[PDB]
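S.K.: Protein chains in written order, with PDB author numbering: chain G, 3 to 51, 57 to 133, 142 to 208, 211 to 427, 439 to 591; chain F, 3 to 44, 60 to 132, 142 to 205, 226 to 308, 311 to 427, 438 to 591. Idealized CB from N, CA, C, for every residue including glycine.
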Amino acid sequence: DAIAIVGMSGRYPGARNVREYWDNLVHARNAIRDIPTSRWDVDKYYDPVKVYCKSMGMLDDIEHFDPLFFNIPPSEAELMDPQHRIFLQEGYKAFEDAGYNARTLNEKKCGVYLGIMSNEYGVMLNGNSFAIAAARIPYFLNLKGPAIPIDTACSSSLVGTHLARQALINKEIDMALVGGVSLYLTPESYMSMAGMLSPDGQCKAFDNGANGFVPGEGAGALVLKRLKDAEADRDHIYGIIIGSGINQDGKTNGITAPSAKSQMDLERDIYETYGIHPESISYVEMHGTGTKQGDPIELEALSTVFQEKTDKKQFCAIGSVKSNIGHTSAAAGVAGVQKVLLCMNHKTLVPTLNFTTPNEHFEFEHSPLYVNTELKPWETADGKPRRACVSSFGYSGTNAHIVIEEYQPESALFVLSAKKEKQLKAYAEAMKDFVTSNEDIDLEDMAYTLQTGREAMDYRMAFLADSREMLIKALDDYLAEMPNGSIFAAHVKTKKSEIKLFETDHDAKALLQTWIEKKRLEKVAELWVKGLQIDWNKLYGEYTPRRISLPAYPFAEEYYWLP
Amino acid sequence: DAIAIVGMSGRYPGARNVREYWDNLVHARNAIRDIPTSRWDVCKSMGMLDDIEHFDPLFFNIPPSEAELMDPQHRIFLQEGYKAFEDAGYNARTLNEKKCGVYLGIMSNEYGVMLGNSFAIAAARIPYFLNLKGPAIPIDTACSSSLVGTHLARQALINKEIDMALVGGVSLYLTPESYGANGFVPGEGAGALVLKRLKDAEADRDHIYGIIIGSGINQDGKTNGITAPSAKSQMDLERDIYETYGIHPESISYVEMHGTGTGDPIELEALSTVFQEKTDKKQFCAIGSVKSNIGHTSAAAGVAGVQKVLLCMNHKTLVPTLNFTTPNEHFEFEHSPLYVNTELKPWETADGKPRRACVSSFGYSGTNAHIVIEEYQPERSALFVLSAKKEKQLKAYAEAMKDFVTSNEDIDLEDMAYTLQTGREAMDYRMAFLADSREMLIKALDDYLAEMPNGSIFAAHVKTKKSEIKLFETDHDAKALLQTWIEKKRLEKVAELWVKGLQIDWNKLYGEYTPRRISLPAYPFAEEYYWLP
């Protein structure tokens with residue numbers, strides 16, 4: 003039936019994570035920049051009539072990787088496509104976002120479906144097959160569901176989402192990591208213009226001045242489960258997928274041209290199959306690439322399908338994040354889904370950019386659709402959950418469309445750890461920023477998540493806090509190395525002797541168990557940082573807190589490029 | 003009634019301790035040497066102690082600079098006295114505030130003059155260090171000093187004025203100025239005994255070397271010259287003691303004579321006459337003098353003799369008296385109760401009667417003493443612990459224990475561990491180990507000394523491990539775990555924790571078999587040189 007999205011991680015132009023992404027969207031920020039010479043020299047390729060676009064939605068630090076975290080030799084890192092490296096990181100972080108760790112994922116029937124469409128690094132070098148790109152994560156975490164790369168060009172990550180959904184419903188897997196990754200590493204590839214690119218370097222979605230897309234980079238992952246399992250497992254749930262479908266354009270006027278009829282059929286069939294009335298939908302994240310013939314075809318298709326069922330006018334907002342971050346290709350779908358989920362969570366619609374005058378080839382006034390250019394509350398009538406769609410179409414003609422529905426749910441001991449001390453310090457900084465930014469965080473949920481939803485690694489710190497202010501001060505104290513009697517920190521390999529007593533002796537265990545049961549948190553904390561395994565469940569009686577989204581591991585930022 | 007001797011320590015010519023002393027006596031060794039030029043430039062002979070300058074002032078909370086200003090007589094007795102307590106199995110903790118008297122025989126001031143150093147302070151050193159509360163009295167009755175002290179301590183214990191007494195003597199010969227039978231050769235020495243009422247010693251489960259069943263002191267009075275002896279006074283002394291305390295001369299089988307080798313014939317006649325008043329029996333009582341081995345140890349003479357007698361009783365063995373070829377012309381042995389023993393032989397007793405002996409000590413000032421001693425007749439892995447105030451001394455302690463165990467094939471391992479646990483202060487530098495046999499024990503100590511890794515051996519400096527044992531000191535279930543460990547089996551765990559500084563309740567290791575304290579090697583003091591500043 004319904005598929006729950008229980009974890010996400012995103013890395014897009016101008017946004018190192020989904021929290022920065024959200025902030026940028028709310029503030030209607032455009033992340034497209036001129037291509038710097040550190041990538042390539044546009045002047046050596048630029049011709050205005057060769058490349059005729061000098062702009063890109065770019066990721067920062069595409070060379071950074073933490074190979075030691077993944078048990079990969081540093082020298083092997085140089086030989087890895089950064090698309091592989093970046094997804095390995097984001098994919099991992101999605102799991103941690105959900106509150107799952109290596110221990111809890113071991114032997115899980117989790118499928119991995121990875122959108123990917125380019126091979127630039129591999130060619131530059133003359142391990143880097145699509146097949147291996149997908150298999151990296153399963154190999155690392157010991158997952159047992161199929162690992163499949165999907166190259167349907169720009170629809171890739173949405174197509175993957177469909178396949179994962181069907182495998183989950185058919186009970187072939189019990190979890191799914193779906194995502195996409197796209198980088199533009201060479202003048203040659205980003206180049207193919211074929212007439213595709215805008216000379217102004219913007220995706221002018223829905224606008225009469227639409228004249229092509231600007232290439233964007235991105236890497237995004239989702240964690241999917243059956244809704245029934247997600248509720249039983251007490252996951253935190255971003256939203257639910259209540260319908261999806263994929264099809265083909267077939268014979269068009271040129272293989273990269275779109276088909277109105279196919280787009281209508283896709284959308285109509287989905288709504289009919291899953292009993293979804295177009296009136297129930299209030300936002301659509303369009304493919305919306307800002308191409309002159311593509312935009313009006315998409316608009317006309319969707320409008321027509323909606324109008325078949327309803328006379329209501331201008332009830333459904335449309336937008337495209339490609340207006341913000343460019344066309345992130347294989348990662349386009351996951352970028353779009355993540356926008357909609359964030360919109361749902363905050364009950365807020367955000368502006369679509371670069372829209373001045375409606376495309377002449379489509380009339381909005383008598384349409385169910387309207388272009389939203391406002392930061393405004395996402396209103397819903399009665400009790401009803403918000404519903405949205407995401408479309409993604411590829412140049413090869415393979416189309417995807419999913420329907421997402423809002424999910425409507427019915439002193440603490442803080443522990444942190446990392447594989448190196450430097451990353452532990454980075455972790456504490458990320459948590460401090462997060463708590464600073466999120467004034468309403470549930471302290472018990474957060475602590476519970478750090479306890480049960482993160483792997484205890486070798487470098488540890490812990491502390492007590494009963495308030496946001498106390499929490500922030502503890503982290504500040506830790507970071508500033510200024511003495512605080514409630515802060516504990518150790519390297520586990522150093523302390524083995526100081527812990528053995530509680531591991532072997534019968535009365536010491538019984539003491540430790542009593543400590544945990546009577547909530548003697550200082551004592552539990554001191555021992556935990558030293559490496560003692562704590563049964564966290566014992567900390568909780570009638571009331572158990574819930575896992576929530578927190579910042580994920582802050583990987584070492586080590587530079588690896590061509591050998 | 004009876005007084006138990008529950009601790010002893012001794013340092014005599016040729017003997018750094020009471021075990022070497024015994025060995026020397028058994029082998030009829032003579033410790034008299036020519037006086038070297040390092041003492042002074044030269060009678061040219063003396064019974065000398067070795068390294069009289071050596072002291073461990075830090076152990077005793079004394080500034081190293083003060084040590085140079087201390088009479089070495091004070092310093093050496095401080096050490097020997099302390100070791101006597103440890104021999105008995107008592108430590109700083111268990112002695113704190115005890116009503117223990119200190120009676121110290123001392124009769125010279127050489128160092129003070131050469132240069142704090144009063145007799146009054148000499149006696150008070152140990153009480154000050156250990157916080158004892160019985161009177162501290164120095165006794166100068168010349169060569170009878172330590173035996174006079176013994177008498178006074180005995181009377182105080184019987185009157186219940188004190189509950190313990192440290193009695194002792196110390197004599198050094200530091201200057202040329204203060205310095226067959228032909229006179230005596232001067233000897234140096236320091237000795238101490240620990241005394242208790244017998245009833246207390248048995249209730250407290252002390253180990254008991256022997257019991258004092260009679261003692262007396264008196265004066266020569268008017269003699270022909272103040273340093274001459276009085277046959278009559280010696281007789282009266284001995285008779286009065288035997289009569290007061292119901293002691294029949296026939297029961298006595300050894301007498302350690304004053305026996306300075308001058311005097312001799314008067315002592316022989318006196319004792320012989322007193323014995324003969326009560327018995328016709330001939331040549332039943334052996335006589336000797338340890339002054340033939342070690343010289344005339346002066347203030348320490350009494351304690352040296354008492355220790356010889358106790359060692360004899362313990363080993364049920366009589367040892368040779370030396371330098372005897374032909375009897376003194378002025379006394380006829382053949383029809384006497386007395387005979388000079390020159391043999392190493394079994395000390396025989398009839399029908400399981402306890403052996404009895406006497407010690408006589410007579411001073412040049414005319415103050416005499418005589419005491420009567422009776423032999424005392426009493427009715438799995440272990441955890442061995444050692445500690446010292448410096449690592450160097452811990453190493454020396456381990457060596458001393460290994461030698462001791464090597465020399466004593468019949469040591470009770472449980473008793474020894476028990477003594478190391480309860481009868482020594484746990485100090486800052488620690489080692490511990492398990493053993494279930496003599497061989498394992500010796501091996502462990504060897505391994506420790508040779509620095510050969512051994513999984514049964516644990517060692518730590520306590521100041522370094524504080525953070526590591528806190529986990530056990532305050533928490534209730536950690537204590538329960540420790541109590542389960544020590545209540546009871548894992549010993550390895552108790553050992554690891556103990557060396558790190560955790561206080562253990564040694565009693566809990568024992569359900570209703572409890573082992574007994576025994577004599578073991580005492581602290582091996584740092585051997586630092588201090589002399590005139």
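Would you kindly work out how many angstroms separate the C-alpha atoms of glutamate 234 (chain G) and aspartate 533 (chain F), rounded to a whole number?
M.R.: By one-based count along the first sequence, residue 234 (chain G) stands at place 217. By one-based count along the second sequence, residue 533 (chain F) stands at place 475. The alpha-carbon atoms of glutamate 234 (chain G) and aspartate 533 (chain F) are separated by roughly 57 Å.
S.K.: Is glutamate 526 (chain G) close to chain F? Criterion is C-beta to C-beta, closer than 8 Å.
M.R.: What you label residue 526 (chain G) is simply residue 498 of the first sequence in a count that begins at 1. For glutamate 526 (chain G), at least one C-beta of chain F is nearer than 8 Å to its own C-beta.
S.K.: So, at 6 Å on beta carbons, what are the nonlocal neighbours of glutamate 284 (chain G) in its own chain, with the 5 sequence-adjacent residues on each side left out?
M.R.: In the first sequence, counting from the first residue as 1, residue 284 (chain G) sits at position 267. Excluding sequence neighbours, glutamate 284 (chain G) sits near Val322 and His418.
S.K.: In its own chain, which residues sit with a C-beta less than 6 Å from the C-beta of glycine 175 (chain F), not counting the 5 before and 5 after it?
M.R.: Counting from 1 along the second sequence, the entry for residue 175 (chain F) is found at position 149. Excluding positions up to five away in sequence, the list reads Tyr120, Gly122, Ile165 and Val193.
S.K.: What does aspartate 563 (chain F) reach in chain G if we use C-beta pairs closer than 7 Å?
M.R.: For the purposes of this step, residue 563 (chain F) is taken as residue 505 along the second sequence, with counting starting at 1. The contacting residues do not exist; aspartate 563 (chain F) stays about 15 Å from chain G at best.
S.K.: Roughly how many angstroms separate the alpha carbons of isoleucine 515 (chain F) and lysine 524 (chain G), rounded to a whole number?
M.R.: In the second sequence, counting from the first residue as 1, residue 515 (chain F) sits at position 457. In the first sequence, counting from the first residue as 1, residue 524 (chain G) sits at position 496. Roughly 19 Å between the two C-alpha positions.
S.K.: Extract the residue ranges of the beta strand (DSSP E) inside the region 336 to 419 of chain F, only unbroken runs of 3 or more that lie entirely within it.
M.R.: 386 to 388 and 404 to 410
S.K.: Smallest Cα separation from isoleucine 37 (chain F): which of F:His29, F:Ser299 and F:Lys61?
M.R.: To locate residue 37 (chain F), count along the second sequence from 1; it is residue 35. Per the Cα distances, F:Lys61.
S.K.: Among G:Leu86, G:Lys528, G:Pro591 and G:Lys309, which residue has its Cα nearest to the Cα of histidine 378 (chain G)?
M.R.: Indexing the first sequence from 1 puts residue 378 (chain G) at position 361. Of G:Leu86, G:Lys528, G:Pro591 and G:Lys309, the residue nearest in Cα terms is G:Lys309.
S.K.: Helix, strand or coil for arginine 488 (chain F), going by three-state DSSP, please let me know.
M.R.: Within the second sequence, numbered from 1, the residue matching residue 488 (chain F) stands at position 430. Three-state DSSP puts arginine 488 (chain F) in a strand.
S.K.: Tell me, please, whether the region 401 to 419 of chain G touches the region 451 to 458 of chain G by the rule of three or more beta-carbon pairs shorter than 8 Å.
M.R.: no
S.K.: Please decide whether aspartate 166 (chain F) counts as near chain G, where near means a Cβ-Cβ distance under 8 Å.
M.R.: Your numbering for residue 166 (chain F) matches position 140 in the second sequence. For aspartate 166 (chain F), not one C-beta of chain G is nearer than 8 Å to its own C-beta.
S.K.: Helix, strand or coil for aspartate 189 (chain G) per DSSP?
M.R.: Within the first sequence, numbered from 1, the residue matching residue 189 (chain G) stands at position 174. Three-state DSSP puts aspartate 189 (chain G) in coil, outside helix and strand.
S.K.: Would you please state the rounded distance, in angstroms, between the beta carbons of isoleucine 314 (chain G) and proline 275 (chain G)? I believe it to be under 8 Å.
M.R.: Within the first sequence, residue 314 (chain G) is the residue found at index 297, counting from 1. Within the first sequence, residue 275 (chain G) is the residue found at index 258, counting from 1. The Cβ separation is near 5 Å, so the contact holds.
S.K.: Any idea what DSSP makes of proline 81 (chain G), helix, strand or coil?
M.R.: As a first step, residue 81 (chain G) is located in the first sequence; it is residue number 74 there, counting from the start. DSSP places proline 81 (chain G) in helix when its eight states are reduced to three.
S.K.: Distance cutoff 8 Å, beta carbons only. Does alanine 538 (chain G) sit that close to anything in chain F?
M.R.: Taking the first residue of the first sequence as 1, we reach residue 538 (chain G) at position 510. It does; some Cβ of chain F falls within 8 Å.
S.K.: Can you tell me the Cα-Cα spacing of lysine 447 (chain G) and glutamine 96 (chain G), whole angstroms?
M.R.: If you number the first sequence from 1, residue 447 (chain G) lands on position 419. If you number the first sequence from 1, residue 96 (chain G) lands on position 89. Cα-Cα distance, rounded: 15 Å.
S.K.: On the DSSP letters alone, give me the boundaries of the alpha helix (DSSP H) that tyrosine 99 (chain F) sits inside.
M.R.: The count along the second sequence starts at 1 and reaches residue 99 (chain F) at position 82. Taken as a continuous stretch (DSSP letters only), the alpha helix (DSSP H) holding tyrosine 99 (chain F) covers 89 to 105.
S.K.: Using a Cβ cut-off of 8 Å (strictly closer), state whether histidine 344 (chain G) contacts chain F.
M.R.: Here residue 344 (chain G) corresponds to residue number 327 of the first sequence, with the count starting at 1. Answer no: the Cβ-Cβ gap between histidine 344 (chain G) and chain F never drops below 8 Å.
S.K.: Residues in the same chain with beta-carbon distance under 7 Å from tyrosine 199 (chain G), minus the five sequence neighbours each way, listed in chain order, please.
M.R.: On the first sequence, residue 199 (chain G) is found 184 positions in, with the first residue counted as 1. Result list for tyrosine 199 (chain G): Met63, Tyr205, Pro232 and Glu234, in chain order.
S.K.: Looking at the unbroken beta strand (DSSP E) that takes in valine 44 (chain G), where does it start and where does it end?
M.R.: As a first step, residue 44 (chain G) must be located in the first sequence, where it is residue number 42. Looking at the DSSP string, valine 44 (chain G) is not in any beta strand (DSSP E), and its letter there is neither H nor E.
S.K.: For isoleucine 421 (chain G), does the count of other Cβ atoms within 10 angstroms reach 16, so buried, or fall short, so exposed?
M.R.: Locating residue 421 (chain G) in the first sequence gives position 404, counting from the first residue. With 16 or more other Cβ atoms within 10 Å, it is buried.
S.K.: I'd like to know if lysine 551 (chain F) contacts chain G, where contact means its C-beta is closer than 8 Å to some C-beta of that chain.
M.R.: One-based indexing of the second sequence puts residue 551 (chain F) at position 493. Judged by the 8 Å Cβ criterion, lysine 551 (chain F) is in contact with chain G.
S.K.: Are there 16 or more other CB atoms within 10 angstroms of the CB of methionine 131 (chain F), so buried, or fewer, so exposed?
M.R.: Your numbering for residue 131 (chain F) matches position 114 in the second sequence. Per the 10 Å Cβ criterion, exposed.
S.K.: Chain B beta carbons: is any one of them nearer than 8 Å to that of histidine 534 (chain F)?
M.R.: Protein chains G and F are contained in the structure displayed, whereas chain B is not.
S.K.: Taking only three categories from DSSP, how would you classify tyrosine 255 (chain F)?
M.R.: Here residue 255 (chain F) is taken as the residue at index 209 of the second sequence, counted from 1. Looking at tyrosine 255 (chain F) - three-state DSSP - the assignment turns out to be coil, as it is neither helix nor strand.
S.K.: Alpha carbon to alpha carbon, how far is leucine 567 (chain G) from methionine 498 (chain G)? Give it in angstroms, no decimals.
M.R.: Within the first sequence, numbered from 1, the residue matching residue 498 (chain G) stands at position 470. Within the first sequence, numbered from 1, the residue matching residue 567 (chain G) stands at position 539. About 21 Å.
S.K.: Could you tell me whether the region 154 to 173 of chain F touches the region 337 to 352 of chain F, using the rule of 3 or more Cβ pairs below 8 Å?
M.R.: yes
S.K.: Going along chain G in order, which residues have a C-beta closer than 8 Å to the C-beta of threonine 542 (chain F)?
M.R.: Mapped onto the second sequence, residue 542 (chain F) falls at position 484. Going along chain G in sequence order, the residues near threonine 542 (chain F) (Cβ under 8 Å) are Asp533, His534 and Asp535.
S.K.: To the nearest whole angstrom, what separates the beta carbons of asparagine 362 (chain F) and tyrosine 255 (chain F), a pair I think is in contact under 8 Å?
M.R.: Residue 362 (chain F) sits at position 314 when you count from the first residue of the second sequence. Residue 255 (chain F) sits at position 209 when you count from the first residue of the second sequence. Confirmed, about 6 Å.
S.K.: Between the alpha carbons of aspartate 43 (chain G) and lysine 57 (chain G), how many angstroms are there, rounded?
M.R.: Counted from its first residue, the first sequence places residue 43 (chain G) at position 41. Counted from its first residue, the first sequence places residue 57 (chain G) at position 50. Near 12 Å, if we compare the C-alpha coordinates of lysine 57 (chain G) and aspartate 43 (chain G).
S.K.: By Cβ distance below 6 Å, which residues in the same chain neighbour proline 216 (chain G) in space, the five residues on each side in sequence not counted?
M.R.: By one-based count along the first sequence, residue 216 (chain G) stands at place 199. For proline 216 (chain G), where only same-chain residues beyond five positions count, the Cβ hits under 6 Å are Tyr59.
S.K.: Give me the Cβ distance between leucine 392 (chain G) and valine 8 (chain G), rounded to the nearest whole Å; I'm assuming they're in contact under 8 Å.
M.R.: As a position in the first sequence, residue 392 (chain G) is number 375, starting the count at 1. As a position in the first sequence, residue 8 (chain G) is number 6, starting the count at 1. No, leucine 392 (chain G) and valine 8 (chain G) are not in contact; Cβ-Cβ is about 28 Å, not under 8 Å.
S.K.: Closer than 8 Å is the cut-off here; do at least three beta carbon pairs connect the region 182 to 191 of chain G with the region 16 to 31 of chain G?
M.R.: no
S.K.: How would you write the range of the alpha helix (DSSP H) that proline 164 (chain G) sits in, first residue to last?
M.R.: Reading the first sequence from its first residue, position 149 is the one you call residue 164 (chain G). Per DSSP, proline 164 (chain G) belongs to no alpha helix (DSSP H); it is in the beta strand (DSSP E), 162 to 165.
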